[PDB]
Structures are given as structure tokens and as C-alpha cells.
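> Here it is, the structure, as C-alpha cells.
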2 protein chains.
Amino acid sequence: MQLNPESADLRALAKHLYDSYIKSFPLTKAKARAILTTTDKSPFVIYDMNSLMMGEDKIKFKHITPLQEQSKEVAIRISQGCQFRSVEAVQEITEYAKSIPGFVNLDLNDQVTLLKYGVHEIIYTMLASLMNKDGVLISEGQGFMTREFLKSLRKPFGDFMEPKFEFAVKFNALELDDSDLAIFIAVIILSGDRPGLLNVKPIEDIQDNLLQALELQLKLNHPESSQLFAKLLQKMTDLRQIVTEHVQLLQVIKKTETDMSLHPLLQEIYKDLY
Amino acid sequence: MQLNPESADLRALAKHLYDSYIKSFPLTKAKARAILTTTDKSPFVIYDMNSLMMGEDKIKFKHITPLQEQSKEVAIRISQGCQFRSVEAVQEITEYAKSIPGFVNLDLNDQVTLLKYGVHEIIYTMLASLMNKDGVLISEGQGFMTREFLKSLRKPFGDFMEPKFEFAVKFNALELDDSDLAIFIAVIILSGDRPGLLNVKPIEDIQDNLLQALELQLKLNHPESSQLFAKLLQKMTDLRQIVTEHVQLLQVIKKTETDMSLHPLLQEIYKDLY
Ligand SMILES: CN(CCOc1ccc(C[C@H](Nc2ccccc2C(=O)c2ccccc2)C(=O)O)cc1)c1ccccn1
Ligand SMILES: CN(CCOc1ccc(C[C@H](Nc2ccccc2C(=O)c2ccccc2)C(=O)O)cc1)c1ccccn1
């Protein structure tokens, strides 16, 4: 490999995406890692029902039912907390996408479709940044909720987070940093096979350039990590499977859980998804 | 890039896989392409219900219902023909997999799981070899059935082939040959994320070597095809979506079609799939 104007353009694209990533996502992997080990945040640990209640400042929730079984109340509060986070993350990701060169010039309907299918895949990708073996950072790093506490929630609420943790353990072993992730998340957004796209070629033309930039970024940033580009591309399949499973759980809740409606933005995203 | 003992080993692996591919799959892409343009096969074209009946030698079927509406009879005969082909293709692919170096040494349960999830993905990959814009080769190249005839079958039978054709048009535009496909299909079989695998690392260790071989094969065989490795890896996601859709259609048939049971081998493959 040589350092030439083609490669320098690919590095400039990588930097542009990194800079927009920093602007769009306040809690980066670097910041999260600093917390999980050295920082200005000292998160309160939620590891059981008591500590979920003794630290109610972290979880946002409201319209809270005094008279119901504790196991149910706790599950519904956690679910509302994830719903609040998801709506905020959608706004971060849509802001980021606007900085992807060429994206805002695509047909508006395709921009919508690309974000409709991309956003949850990116949410779960970036959630791994906030996860370790023990648990997940929440509330902009002010809390840390354990994996085993989340697994212990009343059926079926206890099934929601475990597939994201399983993904994160293997994904975090790739040791990606924010500079890598900024490009990877752009590659996900510019996926030409989303249902109902109108003009695939302008999308794939952008994606191909992002793939070139990602390939170079990994070579430079990960010496001796064999086939990291291919291993990372294959993670895009895992993300779709996580979405599929998550949708099926959300429906179980809809079917057997009154007094729970999705935020209208999430409803819009999920309506006619696949 | 240099020609050295590491690269020569990767070419030797590519050749080993090609040789086994030739031994396992009698109707290769090269042979199919020769037919679709120059060959010893002159397929009969099935383009409408009459020609489906005027050329009943091609389609295997049996236990054939005289007294029923023609649109239904034709659909059930086509469905039985695909079922016969599928059972034969499963046997070809399982034979091939045994030649993948290291595969037969994996735990037997994981060998089963890898083939359980791999086989239909490989069937649809290789079906594209037999497809052009107009239709698909059948009965070892003795027939050619049009895409529009298959789309015209009685609802819901008319929905089955169209997603495979859509995949094939875009996949065939990558211009892969049999030497490329032999390695790609091995990469699919050695996917470490299949449900219920016991030892993932020995699988991913084989897959990583296959990916190295595939990457080199594409560089050598496809000058100026930009990002072909990444574009091809992303096709593995499409294949899973085809399987998902196909399963959902098979169930529609099961629900609203008496006197149709799957061949027991396909039943085994589909049982507890996902
Ligand atoms: C676990 N965690 C980190 C953020 O996790 C996310 C986990 C998932 C999501 C995506 C989001 N999920 C939900 C949306 C609406 C309602 C429930 C969920 C759940 O996901 C859920 C359901 C039942 C039980 C548990 C969770 C979506 O689909 O948009 C967004 C964020 C928390 C927990 C408490 C407070 C804040 N942070
Ligand atoms: C179209 N074609 C090429 C082979 O195509 C395949 C298309 C699909 C398959 C996979 C296979 N499919 C079936 C299995 C059982 C019953 C029906 C199907 C159909 O796929 C089907 C159903 C309804 C209507 C039409 C098809 C599987 O799941 O194992 C294997 C082969 C034909 C057609 C007639 C005879 C032979 N070749």
C-alpha cells in the first residue's frame, strides 16, 4: 500500500465522519470505556430490585403505578427507560447521517428508508460500546445496570437485553474504537438492499467509497488483526437478527401488556418494517 | 502483494475446493451459462400452462390429481419438482462440505448445525448460476422455465421464485465464476453465528482461512472490480432474508394446502430452524 491522493481522500473521509460522530454522540466508546474502568462520571450500580428503587434518579419514567407487583413495576420502569433512550438515540443517528457526504442529496424517500432500517441496527452496535461482561451504562453514564439483573426481570422482560449482551461480548472482542465505528455505522446506513429503496445505485456508490475508507481505517488501526474487515462486515447480519428477535418480543408485550404504547416515533419506525 | 508460501497455500486451498466443487455439483455455472447462450443440452422452454403439460418429461412429479383446476395442478407439479431438486441439492452440498479442510474434524453436532443453516443459503446462491433475466434452468439443464410463468402461478405459489430471481439478477452482476463460488459457498457453511453451535472458535478459525483464500481469489480473478470482496460478503445477509421469506410462504401452504407434506429430509432441516 502507498500514501497517495486516493488514500489521503479516504483518510479525509474517515476524519470527516469521526468529527461528525463526535459532534452527534455525546457518550462515545472512549468515554464509556473510561467510566467502565478514571473519569468525571461515577455511575450508581443497579444490580437488584432494591437498588433499582434506591436510585430512581437515573431511570427516566413517569405515570408510575403504585399498586402493582414489584416485579411488574420494575420491568415497566426499565422498559420506559429504554424507550426514552431509543428516541434520543434515533435523533443522534439521524443528525449523524446528515454529515455522511452525499446522503442528503439522495432522494428523500430513500433517506427515510435507509434510516428507518438503519437506526436500530446502529443503536445495538453502539450499545455494545457501553457494555462489558457485567452490565451496561445508562443515563449518560450516571448509572450502570447489571446483565444478570436485566436477565432476572419478569418473563418476558428478562429476555430483551440478553441477545444484545451476547452480541456485544463478541463484537467488543474486535476492539474497535470510535474512529472505526464512525465509518462502520455509515456503511450500515448506506445499505442498498433495504426494502423499498428507489435508486439503489447512488446508495451503493456511496457505500463502496465508505467500504474503501473502512478497509483502510482497519488496516492502519489494527495491526495483526487478521480478516478484521470481513469479520466486521459479517456483524451486519447479526444486527438484523437482533432486530428481528426484538420486534417479536415487542409484540409479545403488545399482546399481553395493556397500558403500554410505544412512543410515536418508534411506532413510525416499526410500522411496515419488513 | 507477493507470491510467497502463504499465498501459494491459499491458492492450493482454492484449488482443492474448486476440485471438490466440480466433483460434487454436476451442473456448474460454466455449464449452465453455456446452455443459456453452445452445448450438448437443448432445454425445452416452459413458458405457459400448455408447455408445462406438453413437456411433462422434465418435471419430476407423481401422485398426480386428474380432477382439479388446471391452475392448481400446475402449481403442485412445480412445487414437487422444486422439492425433488432441493433434496438432491442437499446431498450435493453435504458431499461438498466433507471436502472443506477441517470440517469433518469439527464436533459432529456442529457439522449438522452448520449444514442445517447453510444448505438453503447455498441452494439459492447456486440457483442464481442457472438463472438469467428470462428464467431458470431445471432438470439438469433439460428444461428452462420462465420467470413470468412462475410469477403467474395461482396465489401464493406465484410468490415463491420471484425473490430468488431478484437476488440472482443482482448477484449475477458480480460476474462470479465457479472458482469464486467454490470458496464463497465454503465461507457460508463455516459461519460461526449459527444458532446452537458448541465450539465457535474452530469454525471461525477455518472461516478466517477461507476468507483469506476468497479475498486472494477475487483479487486475482476480477481486475478493476472495486470492493467485490465486501459486496460479496454482504450477499450473505440477503440469503438469510430469502430463507426467512421462503419459510413463511411454506407455512402459508401448510396452513391452506391439504395433501402436501414436505420430504422428510426437508422437514428435518426446517424443524427448529431459527
Ligand atoms: C438497558 N438500558 C440501556 C438501553 O437499552 C436499550 C435497549 C433497547 C433499545 C431499543 C428500544 N427498546 C424498547 C423500546 C420500547 C420499549 C421497550 C424496549 C426495550 O428495549 C425493553 C423492553 C422490555 C424490557 C427491557 C427493555 C426500541 O425498540 O426502540 C434502546 C435502548 C437501559 C435500562 C434502563 C434505563 C435506560 N437504559
Ligand atoms: C423453479 N425450479 C428450479 C428449482 O427451484 C428451487 C426453488 C426452491 C428450492 C428450495 C425448496 N423449495 C420448495 C420445497 C418444497 C416445496 C416447494 C418448494 C418451492 O420452492 C416452491 C413452492 C411453491 C411454488 C414454487 C416453488 C425448499 O424449501 O427446500 C429448491 C429448488 C424448478 C421448477 C420446476 C421443476 C424443477 N425446478
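Residue numbers in this text run from 1 along the chain shown.
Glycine is no exception: its Cβ is also placed from the backbone N, Cα and C atoms.
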> Quick check on the annotation: Swiss-Prot has B:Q83, B:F84, B:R85, B:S86, B:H246, B:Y270 binding rosiglitazone, so which of B:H120, B:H222 does it put in that site too?
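Among the candidates, Swiss-Prot records only B:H120 at this rosiglitazone site.
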> Can you say which of B:21-29, B:129-137, B:264-272 is given as motif '9aaTAD' in Swiss-Prot?
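The range carrying the motif '9aaTAD' annotation in Swiss-Prot is B:264-272.
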> Report, as numbers and ranges, which residues of the same chain sit near the motif '9aaTAD' (B:264-272): CB under 8 Å and 6 or more residues beyond its ends.
83, 86-87, 90, 116, 119-120, 247, 250
> Could you list the residues of the same chain, at least six apart in sequence, whose Cβ is under 8 A from the Cβ of B:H246 (rosiglitazone binding site)?
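For B:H246 (rosiglitazone binding site), the qualifying residues are B:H120, B:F160, B:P163.
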> Looking only at B:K23, B:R85, B:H120, which of these recorded positions has the biggest number of Cβ atoms within 10 Å around its Cβ?
B:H120
> Need one number: the Cα separation in whole Å between B:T37 and B:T38 across the 2 missing residues.
6
> Please go through the recorded positions B:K23, B:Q83, B:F84, B:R85, B:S86, B:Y270 one by one and keep those whose C-beta falls under 6 A from any atom of ligand 2; give the result in sequence order.
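Correct list: B:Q83, B:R85, B:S86.
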> Reported as an integer number of Å, what is the Cα distance between B:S86 (rosiglitazone binding site) and B:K23 (ubiquitin cross-link)?
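That comes out at 18 Å between the alpha carbons.
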> Residue counts in helix (H, G, I), strand (E, B) and coil for the motif '9aaTAD' (B:264-272), per DSSP?
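Counts, helix then strand then coil: 7 helix, 0 strand, 2 coil.
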> Sorry to bug you, but what's the C-alpha spacing from B:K23 (ubiquitin cross-link) to B:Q83 (rosiglitazone binding site), rounded to the closest Å?
23
